[PDB]
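Chains as they are written, first to last, in the deposited numbering: chain C, 1 to 76; chain D, 1 to 76; chain A, 1 to 76; chain B, 1 to 76.
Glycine included, each C-beta is placed from N, C-alpha and C at the ideal position.
Before any comments, here is the structure.
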Amino acid sequence: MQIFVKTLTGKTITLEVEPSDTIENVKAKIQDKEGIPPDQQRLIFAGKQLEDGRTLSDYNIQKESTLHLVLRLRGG
Amino acid sequence: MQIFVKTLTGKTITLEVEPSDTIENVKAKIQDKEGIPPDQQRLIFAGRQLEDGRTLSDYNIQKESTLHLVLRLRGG
Amino acid sequence: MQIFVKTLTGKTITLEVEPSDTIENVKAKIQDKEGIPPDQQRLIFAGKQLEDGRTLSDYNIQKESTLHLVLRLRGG
Amino acid sequence: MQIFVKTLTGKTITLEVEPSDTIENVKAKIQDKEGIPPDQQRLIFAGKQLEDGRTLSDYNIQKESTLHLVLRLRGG
């Protein structure tokens, strides 16, 4: 399925994903497409930050859902 | 001065702040108004997550700037 | 003319530019294409950081030159 | 441990470093080896600029990592 990943700064990324993909898996897909290190990525759905170990289906993320992406620096 | 904090669920709150207020200080003001503990808050400006020890002026946050707020929960 | 702008993370951006375009102008084109705020962008040519008010022709940047882009996030 | 420091001109040095060494400490080592003043050095890992006060271990910089080095000076 397709999902959309939107920055707060105007950029939309389209990803090919499965319901069973972890957030870790999704961040790796973003790195593949955009070059953004997974340690620097924070993914957002339903106004909350998503955790690495959970699946898309765990958050009820479906076909044509929009996630948001923000950057974290620190030690990432 | 006033700043705006907008959730990713589309709710806007107004805060009374100083340029030299830390991100920690701002999070405390959000807790005062909204009841959200600072550990569960992530503040965002210009598509980047803000660090606790840095000031509003460190990020060039000025009168009537908009920050974004996302929740960072464990287990949801 | 076309120039290439490469991140250190393996992303390439193609831009339509003029010799007389400033570094500032290039940054605004990057913001248009990528959503990256100009304040966060550092542009690199011949292994050095470029200055805002200089032109492409001032650095002898021509058709199909490669610039590098790194982020400097204000604050954290 | 061994690290690489690579300029965007492909000028590559190796350094002997400890996980506990600060970015500032690394810059001093680069000055010692390569004659580059610390003020003119911007060190990059995973496409992000590193902060002077933070350690190699803080960024999870390990055995055989490459840091990128960009020169910053006004007037060229």
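Below 7 Å CB to CB, which residues in the same chain sit around residue i once its five sequence neighbours on both sides are set aside?
| i | result |
| --- | --- |
| residue 72/A | 40 and 42 |
| residue 14/D | 2 and 4 |
| residue 37/B | 31 |
| residue 34/D | 13 |
| residue 59/D | 45 and 50 |
Can you find a CB in chain A that lies within less than 7 Å of the CB of residue i?
| i | result |
| --- | --- |
| residue 122/D | Chain D is shown only over 1 to 76; residue 122/D falls outside these bounds and no answer can be derived. |
| residue 43/B | no |
| residue 21/D | no |
| residue 76/C | no |
| residue 33/C | no |
Among the residues of its own chain, which have a CB less than 8 Å from the CB of residue i, if the five just before and after it don't count?
| i | result |
| --- | --- |
| residue 2/C | 14, 15, 16, 17, 63 and 64 |
| residue 54/C | 22 and 23 |
| residue 12/C | 4, 5 and 6 |
| residue 44/C | 50, 67, 68, 69 and 70 |
| residue 57/C | 19 and 20 |
| residue 93/D | Given a span of 1 to 76 for chain D in the structure shown, any question on residue 93/D remains unanswerable. |
| residue 53/D | 22, 23 and 24 |
Around the Cβ of residue i, are there at least 16 other Cβ atoms within 10 angstroms (buried) or fewer (exposed)?
| i | result |
| --- | --- |
| residue 67/C | buried |
| residue 18/D | exposed |
| residue 32/B | exposed |
| residue 34/C | buried |
| residue 74/D | exposed |
| residue 4/A | exposed |
| residue 75/A | buried |
| residue 27/A | buried |
| residue 32/D | exposed |
| residue 52/C | exposed |
| residue 10/B | exposed |
| residue 21/D | buried |
| residue 11/D | exposed |
Output needed for residue i: all residues of its chain with C-beta closer than 6 Å, excluding positions within five of it in sequence on either side, in chain order.
| i | result |
| --- | --- |
| residue 70/C | 42 |
| residue 29/C | 15 |
| residue 66/D | 4 and 6 |
| residue 49/D | 42 |
Once DSSP output is grouped into helix, strand and coil, what is the label at residue i?
| i | result |
| --- | --- |
| residue 48/A | strand |
| residue 36/D | coil |
| residue 3/A | strand |
| residue 26/D | helix |
| residue 62/A | coil |
| residue 62/D | coil |
Tell me, please, whether the CB atom of residue i is closer than 7 Å to any CB atom in chain D?
| i | result |
| --- | --- |
| residue 47/C | yes |
Taking Cβ positions only, does residue i come closer than 7 Å to chain C?
| i | result |
| --- | --- |
| residue 44/D | yes |
| residue 7/A | yes |
| residue 27/A | no |
| residue 63/A | no |
| residue 73/A | yes |
| residue 54/D | no |
| residue 53/A | no |
| residue 21/B | no |
| residue 67/D | no |
Determine, using beta carbons only, whether residue i comes closer than 7 Å to chain B.
| i | result |
| --- | --- |
| residue 38/C | no |
| residue 17/A | no |
| message | Threshold first: 4 residues or longer. Then list the alpha helix (DSSP H) segments lying entirely within the segment 6 to 60 of chain C, N to C. | response | Listed in chain order, the alpha helix (DSSP H) elements of length 4 or more contained wholly in the segment 6 to 60 of chain C are 23 to 34.
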